[PDB]
Every structure is written in structure tokens, then in C-alpha cells.
Amino acid sequence: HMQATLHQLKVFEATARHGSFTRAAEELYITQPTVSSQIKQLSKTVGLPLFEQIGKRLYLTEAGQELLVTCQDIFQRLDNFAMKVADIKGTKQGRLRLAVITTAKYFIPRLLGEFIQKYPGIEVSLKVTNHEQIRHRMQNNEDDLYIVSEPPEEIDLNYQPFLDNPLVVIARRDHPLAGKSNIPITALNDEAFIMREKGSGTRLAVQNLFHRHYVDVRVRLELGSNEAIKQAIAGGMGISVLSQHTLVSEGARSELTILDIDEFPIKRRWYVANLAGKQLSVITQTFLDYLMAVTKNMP
Amino acid sequence: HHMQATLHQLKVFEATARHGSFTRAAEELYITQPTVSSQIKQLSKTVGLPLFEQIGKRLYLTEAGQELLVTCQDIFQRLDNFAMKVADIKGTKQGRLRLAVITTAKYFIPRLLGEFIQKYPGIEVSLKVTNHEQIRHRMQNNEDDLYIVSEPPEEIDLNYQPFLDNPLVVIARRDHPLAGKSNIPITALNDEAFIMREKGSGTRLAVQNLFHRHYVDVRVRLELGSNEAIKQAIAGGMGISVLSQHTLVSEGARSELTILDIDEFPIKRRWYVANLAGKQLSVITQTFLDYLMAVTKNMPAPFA
Amino acid sequence: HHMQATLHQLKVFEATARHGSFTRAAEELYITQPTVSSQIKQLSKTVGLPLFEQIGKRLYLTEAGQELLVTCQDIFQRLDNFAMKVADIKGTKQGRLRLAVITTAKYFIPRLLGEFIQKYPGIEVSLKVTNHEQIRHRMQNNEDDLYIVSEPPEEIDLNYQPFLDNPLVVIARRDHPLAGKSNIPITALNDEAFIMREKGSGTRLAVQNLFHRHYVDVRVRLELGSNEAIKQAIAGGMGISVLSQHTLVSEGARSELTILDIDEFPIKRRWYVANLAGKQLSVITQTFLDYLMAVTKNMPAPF
Amino acid sequence: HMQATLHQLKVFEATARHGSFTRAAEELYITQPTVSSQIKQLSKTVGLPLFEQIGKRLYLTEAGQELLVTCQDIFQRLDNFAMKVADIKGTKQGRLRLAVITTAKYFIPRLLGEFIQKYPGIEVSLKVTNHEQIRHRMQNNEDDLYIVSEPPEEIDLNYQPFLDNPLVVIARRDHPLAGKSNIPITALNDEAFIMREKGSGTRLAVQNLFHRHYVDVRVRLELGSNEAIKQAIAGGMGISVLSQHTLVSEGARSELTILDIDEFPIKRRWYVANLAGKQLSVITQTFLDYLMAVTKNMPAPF
Ligand SMILES: O=C(O)CCC(=O)C(=O)O
Ligand SMILES: O=C(O)CCC(=O)C(=O)O
């Protein structure tokens, strides 16, 4: 019974609705003898008579009544799918999956929550993790878009930069250098310093810049957590270098401050990426556009 | 619209998704791979979204594809159902029983169901053996006349009752040092090489809870999702395990297995049969329900 | 034997394993991709087993690689520890406080620890911030002077004591129709956008439970394992969530966040300071422990 | 710090142990002035004196004393990794990961069980799953060996066949055709038959052979489960075709039997595969050799 055609079902259902081959033909802009043979073929496939002529009309047999609701269910299901596809296309349904490097937690979720108010039907997933996780997900095509800091050479990606990630010297509001301008980088000599964990991107960049300019800091502490570091600074433990976006909620009157040391900010970027040769969904390309938009004139 | 799709196109798509391969699909359907290729391109144009993405040497379903695949499986199911009604008409069948049972009831239901049709050749049967999730799915859609579960879901308005006990027992190979001994305390399982079921499993839960309650530390040698695989692993002397005693129904004259007589075993579970939200039952459904209740009333577990 | 190996070799290896890439490792170590490659194979012969395997464009660490990686990390830690004793000797310091604390305590311990240091300038400090499991290993290895945990482990013999409350609260944006309202029924939450923590977490469990133990069905809009990310999600209007009130300490003057006074909240949790049972506290430990207790005794939670 | 070499620590540790440069240099088959200059360089990088001479002997400074303990730990940790590498090479420790296609559940776990008895140090994972799951594992390199019916072309694999998977017609012991021989395949026409699920491997291989010999069976039931089917057979609901390894536990006095039909068994195979280019661990190669051996002689059940 898979040998039946959709077209033969479409003829059958019309022929049952109306009571005649001819009325059906007129609806389906085909010929009455095409309808009759289509029905004979379909009855041969089913194995039973579908119709009985009584007076001027074709009435359904038991097997025909069953096939009618079978046809109605099937056509219902296709319509339903057609509705899905239409909602997808007009960004009123669908799924957006983002995997994002850790440092981007300070903007991405907020952007993403703005975007959903503007497209409520969308369902979202956000994964916030490290470079190794992200590489794995990329290898398995798990998300629509990936936001990273350093696009992995060994994976075919389509990407571009969209937002600068300055690393800046952060201090407590009462530090001597606070408010001072054009401060030479040698001024960091002998300063209590809170270092990020070994093997961190941030650590490595901070150390490289410090080796280049002969600066020797007193490492008071080593932590793995930017929040922890901000807190340690507040507590007087020292200064550090962190991504400026860690300062997003800080206002006019803050316990923290940026120092204005020369050779800073250490300049780094965030990229958007998708796998090379990927079919970008409607909402993905929509989101991509909205992203580049809101982060172009973003301080 | 979407009535421009053909049933052949959906067959080709549904087999491609299933196999993850134009080649394997073409083999199944007795067609050339370019036929597969162009049928998919055509259908894909008709829908107006991509259904597949080929990233490297790997084929993936898009969102729209994932959604069409469910649509194809519903449609095909409905055509199977119609084919069955037709056979039932042709054979002047009195009507058809619809049963969905939890996985572990495959070791008593099918056989029992054979012996039930013996008594009424006027009746036909559609047995679905599946997990709890799929049973709850079928339950929301009124898909079946009776449901057999280990744990009736709290989401649904059911009319359930228990009918057969499901004792979980310790199983070893006939040559195990504790084999044929009596009244062994549960502490003797300390350090035994043990084969655990997979993580989400309620069998695993029941066992992990009971062992935690008795401060029993076993050496987990293996995790397996399959009862049959476990039984085979026990036969090869990998260790012992805890399984539903009914899994021994399929254990023949060549079997090396035995039940160790451990204190606080069996873990007592049972099976429930369930109607749905006070909806009345056919004469068939009730003739079967009475059958179930009779035959199982005093049915001994295997290896008694 | 393995004394044939070189520390530079081990340093090249560990960077390769860490990066998943000879090129990215080569950039970090200020050297050449051929030299990384060279130095790894030189090391591989010495070991007697392959340390990596390349399938397609993917670089995988072998079983011997994975073992070597752990060995390299232990070794490098010991060298870093030696360098700290040296800087302590040469800095003519009074001594060093070692402290390991549960992840959620980063929102008070590091600040407090600064202030303590300002009070005792001869003391150096090591602050490890990590999860519960890892605090157990560290406990078993007598690694630290004091441990701060959300629940003391049963398998370890510990003197302990609670010192600060950990209220979990409902957090929302200040434009929310429930902002500024008193004595709100818990049932007001149901059918509301909600950001849920990751599966099998202290926090998610403790709110799924209290939502079924007071009959509340919520619309889960997102899943995140980062507290900061959730707060950012709330600022963007994504929904509400339940977080430790202490996560609000880093919420500056531009914050658009608030706590909703929902009935049957706060969910109440605690922090405990613990040491190994019977084991004498150093003068330094003791001085800190006293400072801790004083400062936290009447410490109000943020907002 | 970390400009220090490992040989500098080794020379340092000998020097502390003997209390002289000379006795240390004799142990390391090097000269006395290499030792001195080595220690002096190390003393520079450390930033403090490591030794002081008291009387006839070099004694450790405070820094020296700490350096000695950190050296003994480093050397210790380094020897441990060598014990592991040695244990691995001689199969006394290590990991074997197998992922197998569903139907191999009736034999792989048993063999694996027998194998582990010989090598008790080894940890094992066995994953029993479908072709799609197996492909994902193959793509992410999650296991040592894969056991499959049909290796997927789009993945680079070294593979070889090792055991036949005959599909045979199965009935209840009282079936009319039981005991018979050279039964015509057309005997099955009109016969009550229990089919495997749509899209199965087995259902396809069965529907090929039936369309080819114009065979029309009375499909009484469809089921997803080999165990269920065997039970349904036993309950009188029909006959079916299943892999012969389903019958592994059945002895001479079984409620089941195999019907000796023309064009049967449908011959299918199992293969062992690993990814191409990948080099097999020592325990993996061991297992492979063992698998081929025990299967070479192996008869199907009954
Ligand atoms: O940056 C930190 O320390 C916080 C770590 C984090 O992901 C968070 O709590 O969101
Ligand atoms: O074969 C069946 O019906 C299911 C068998 C099973 O689930 C198992 O292989 O463990």
C-alpha cells in the first residue's frame, strides 16, 4: 500500500467530497477519464471497492470511509508542516544555538535577551565555555554560530571580527595613579599584581607585554576567576589586567578605576564563525545581522 | 503549496535521513544515487528550505529536515494503519487490540498474547514495546487501548492497577562461590565484580540505593544498556549483576546462569496495567484485560 | 629510563596538549611549528609510546599522552611551589596562609582576604577557588590550612563551623511588574520566563524541588552554567532566575537588577569553615579564622 | 624557577646526597668542574645559595633543603609515569574500548568476559548500539575497535570480516515443517510471519529474498525486539527470521526449532574496524588477535 500515489489520494478525497468523478476533475483541473482510471488504479492497490453508485451519487464503502479519514489525516499533517515552514521563514518559529567563549558572557546573553523580546517565537540555546569545548562542538556541527577570540586554524570556518576586547589595567579608586594621565608603563614596577591562572590567554598576553618593556611587578596572588580578581582589587590586594567588559555594570561612582597606562589597552577581538559550507538558518542570518549592528556603535 | 511533493520523494528522504547516506538510501530503495540526489533537490525546492547540509564528508539534517522527517514518519504510520484496517475488513475480523507496553514486559506479554489469540482468532493485535517517554507520548494522543508500565506517569489521568510482580534479583554464573548457598547477607557482595545498567536506568537507581543503604561497595567492571548483553557478560564470567528475574524466561537448557540467594533481595517492583481518564473500554479491551488478570494472578517468575 | 627527558620537551608537550595544536603551541612558546614537532617526536621516542595521534585534521591525545599530561602538570606545580618558598625566604616573610574555597565564595572571600592582608603585611596567601569534589581531594592531601564549603563532606574527619548565610533569591530586572511589591505569593512565578542552572547542580536541584514541593510550573527559557551570564541574561530581559544573593556584590551602579520578595524565599544555605579534625591551627591560620568570624558575624548580604 | 634543566636537578640531588661535588661527579660519570658550574648556574637561577661548606662537607641551605624535597617529588612522579608506561607495554594496565552493533550482543560480551579473566589489570568499556550512534563515535574517535555489519563508506576504516551472521527461519517445535529437509522456499507462502520493524537491517534482507522468489507471507505482527519475537513464536503467533545467535542459550530440548529452507541461511557478516591511520594500542592488538582465534573455529548455535 505504499504504491499508492499522493495524487491518487488527492483525486479520491475530492471524488468522495463531491459525489462524482466529474466534479472532482473540475476541482483538480484535469479530465474526468483521468480521474476514473486514477480511482481504478487506487482501488486495485487498496484491494477493495472504494465506491458504490447509488441513484445519482458515489457513496463510500467501508474501506472508502477509512481511506477518507486516512487521507484527511495525511493532508492535515502536510499542512501543519507547511505552517511550520512558513513560520520559520517569517522568523516566528525556530531554534538558535550559540556557543560562546567565556569572556563573551559579559555582552552576549544581554544582546540575546534583547533579540528574543524582538522575536518571541524563537527558542534559544546558549553554551558558555572554553576553546577546547568549542572546537569539539564545531567538529560535530552542534551550533549555528560560534563566538571566539582565536579562530582555530584546523577547522574550515567562515568568520569575521565584530567587537574589540580591550584588556586594561584595573585598580581601586584610591590608587596613587588614579586619574593621572599618560602614565609610563614603567610605573607598574613593584606594584602588587593579581595574575590570572597559568596558561590563560589573558595571562600570557600580560606577561608578553611585560617582558617586552622590562617591567617587573610583585605578584601578590594568582586567581582563575575575573570576579574573584575584581573583588581582590576592591579589597586592596593589588591591581590587575582584565577585559574591560568585566566592568559593564560599574557606574560613575565605582570602587574600581582604569589606570591609563601607556601600551594599553592590550587589543584583542571577538569573532563570529560558522562552519564552511553551512546552510545558515533564517534566524541565524537574522541574528548575525542584528549582532554586527548592535556592536558597531558599542563603546 | 506542499501537495506538489510525491510519496516517492518522501520515501527517498526518509531513507536518506535514516541511513545518513545517499548511497545506503539508494541501495535500500533499488535506485541510482543520482535519482536519490535529484529527488532530494526537487523536494527541497518544493519545501523552499534546505533539508540537508553536507559539511565535510558528513551529512546532517537541518531544522526543517528534522521537522519533515517527523512528518514523513507520521504519514507512513497512518498508511500502515490503513493497510491493517483493510486486512481486518478482508478477513472479516471482529476488531483489533492496541497494546503499548514498557520495554521489560517483552519477556511475558508477547507469548501470553499469542495464547490469547489462540482463544479468539477473531481478534488481531498491535503490540508496541517501548520506553516510558514513548508510552507517555502515546498516552496523550489516545494511541492505544491499554498501557502496561512499571511507573504510571503523574502527568496523565490514568485508571491503573498492578497485576504482576517484577522481582529484581542477583544473577551469577552457576560456578560462583555463593551459588547454591542460602541466607547470604548482602554484605558478601562487597568487592564482587559487578555489571551495572546505564545511568538514567531505574534498575540502576534501585540497585545503587539499596547498596548505599547497606554500605555495600561493589567493583563496577562494566556498564551496559542491554539485559541480554549483561546475561552474556555474566556467562563469560565478567561478574554478577541485578536484573529483572523475567529476563531469564529466554534462558535455555545450555544456560550457565543462577540466582544468588542474597538477603534483602528481591527488590520488589511490579507492573501496572492502565486505561485512560475514565474512557470506556471495548469488548475486546475488556476480554483481554480479564485475560491478563487471570493468567498473571499467580504466575511464578522464571528460575523458580 | 625517563631521566633522558627534558624540561623544555615537557613544556612543549604540555602546551601542545593544552592547545590541541602544534601551531598554537609554537606561537605561545615563541618558536617554530617544525621545532614543536621535532621536540615532541624526540620526547615520544624517549617515552616508548606515541603521545598524540592524528586522525584527519584532528589531533587526539593518546592514553600515554593523557598520563604524561597529568605528570607534567604535577611537576610544574611543584616547581611553582618551590619558587614561592624561595620568594618567601628571600622576602623575609612571617609565613603563608593556604586557603581553598567553594566556587560560590568568590563573592566575599577574595575581598575579605585583601583587607586581611592590609591588616597583616607579613602574611602571604594562596587562594584556590574550586568545586566541591576538588575540595575533597585537597582535604585528603592535607593541602590547605582551612577549607570553606557549602556542605561538609561526610567521608572526611573535620572540625567545622558555619559563619555566613547563603540566601538564594529571585532576581529580576527592575521594570518587572512584581518589582517593589511585598509579601508576594509564591504562585505568582508560574508561567514566567526563567533561566535555569545546568543539570545536576546544587542550585537547579534546590529550585526544581521547592517548585514541586509548593506546586509551581515555570517556563524555562534558557540554560546556563555561569552566574554572570545569567545576570546578563536578566538585564537583557530574557527572564528571571534564582541565584545566591551574594552574586549581586559585583553589580555596580549601572545595574538594572532587583530582588523580588516572593513568599517562601529566600532558600537558605550556609558556608562552613573547616579544618582536618584534631589538627592544630597555625598562629597565621588562627589569626585569619578570628578575622573571618568577626567580619562575617554581622555581615549583611548585598541589596 | 623554570630555566633550570632536569640534569642540573639530578646533579644537585647527587651533590646533596654525597655532600661533595667530587663524589657526585663520580656517580654521574662527568667531571668535577662541570658539577661546580652546573650548581653555580642553578644557584643563580634559584637566586640563593644552595650549599654551605661546614668542616669537610657541603650542607644544604634552607633553600637547598626545599629544593631537595621538590627534586625528590619530581623524580618520584617521573618514575611513576615510567611504571605506567611499562605496565601498559606488558598489558598489566590500560583501557580497551569497544562499541558494537546490537546483534553482536549475543557473543561479544561473553568473549570479552573470557578475555578479561586472562588480563585482569585492564579496564573495559563496551557500548552496544545502532549504526548511527556507532558512526558518531567513529567520527569523534571515541573507541579502539568497532564491530559492525556494514562498514560505512564515508569513514576511513581498516576492517576485516571475522564471523558469519546467518539469518535462519525460526519456528515453534511443533510446526508441520519441523524435522524436514530441502523444503521449497515457496512453502512459506501464506505462512503466519512475525516481521522485524520497518527500516531494520534484518527486515530488509528478508524483504529482498521474499520479493525475489515471489513469496507472499501472512504478516501477523510487527515487533522491534528479537527477544519479543522469540516469545511470540513460542506463544503460537507465527514464524520469523532472526539471526541464529539469538538462539545461543537453547539446548536440544527447546520450544524453538530451525526450519531447513532453501535459500537459507541469509548470509550476513560481522566486521572488526578501527580508523585508518590510527595506531592500535598494545591491549587493542592483543584483543584483536584473541578475537580472530576464538571466532575462526566458532559454530553458530544449534
Ligand atoms: O569570572 C568569574 O570568576 C566568574 C566565573 C563565572 O563564569 C561566573 O560565575 O559566571
Ligand atoms: O531483543 C529485544 O526484544 C530487546 C533485547 C534487548 O533490549 C537487549 O538486547 O538487551
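Every chain is numbered from 1 and lettered A, B, ... according to where its sequence line falls, protein lines coming before strand lines. No hydrogens, no waters, no symmetry mates; every other heavy atom, side chains included, goes into these values.
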**Request:** Go through D:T5, D:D73, D:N141, D:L275 and name the one with the most non-hydrogen pairs under 4.5 angstrom from chain C.
**Result:**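 Among D:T5, D:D73, D:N141, D:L275, the one with the most close pairs to chain C is D:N141.
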
**Asked** Of the listed residues (D:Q279, D:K278, D:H1), which shares the most heavy-atom pairs with chain C below a 4.5 Å separation?
**Response**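 Counting heavy-atom pairs under 4.5 Å, the top option is D:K278.
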
Is the number of heavy atoms from other residues, nucleotides or ligands within 6.0 Å of [atom1] ([X]) greater than 12?
| X | atom1 | value |
| --- | --- | --- |
| C:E27 | CD | no |
| C:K119 | NZ | no |
| D:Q3 | CD | no |
| D:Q53 | CD | yes |
| D:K40 | NZ | no |
| C:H137 | NE2 | no |
| C:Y160 | OH | no |
| C:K128 | NZ | no |

**Request:** Give a yes-or-no answer on whether the side chains of C:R78 and D:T70 include a donor-acceptor pair shorter than 3.5 Å.
**Result:**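 No pair is found: no donor N or O on one side chain lies under 3.5 Å from an acceptor on the other.
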
Can you measure from [atom1] ([X]) to [atom2] ([Y]) and round to the nearest 0.5 angstrom?
| X | Y | atom1 | atom2 | value |
| --- | --- | --- | --- | --- |
| D:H7 | C:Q4 | NE2 | CD | 10.0 Å |
| C:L10 | D:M2 | CG | CE | 9.0 Å |
| C:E53 | D:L280 | CD | CG | 9.5 Å |
| C:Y60 | D:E142 | OH | CD | 9.0 Å |

Which bit of [X] is near chain D, if near means a heavy-atom gap under 4.5 Å: side chain, backbone, both or neither?
| X | value |
| --- | --- |
| C:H1 | side chain |
| C:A5 | backbone |
| C:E67 | both |
| C:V47 | both |
| C:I75 | both |

**Request:** Take D:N140 and C:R58, measure what side chain to side chain contact (heavy atoms under 4.5 Å, CB included) needs, and give me the verdict at the end.
**Result:** CA-CA 9 Å; D:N140 294 270; C:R58 313 187 49 175; 3.2 Å; yes

**Request:** Begin from the C-alpha positions of D:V85 and C:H2 and carry the test side chain to side chain contact (heavy atoms under 4.5 Å, CB included) through to its verdict.
**Result:** CA-CA 10 Å; D:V85 174; C:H2 224 267; 5.7 Å; no

**Prompt:** When only pairs under 4.5 Å are counted, which of C:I55, C:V70, C:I89, C:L79 shares the most heavy-atom pairs with chain D?
**Reply:**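 Result: the option with the highest number of such pairs is C:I89.
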
**Item:** Largest heavy-atom contact set with chain D, pairs under 4.5 Å, which of C:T62, C:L49, C:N81
**Value:**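 Going by pairs under 4.5 Å, I would pick C:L49.
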
Atom group of [X] that falls short of 4.5 Å from chain C, counting heavy atoms:
| X | answer |
| --- | --- |
| D:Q76 | neither |
| D:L67 | both |
| D:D79 | both |

**Request:** List the atom of C:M3, the atom of D:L6, and the distance in Å for their closest heavy-atom pair.
**Result:**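 That would be O-CD2, 3.7 Å.
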
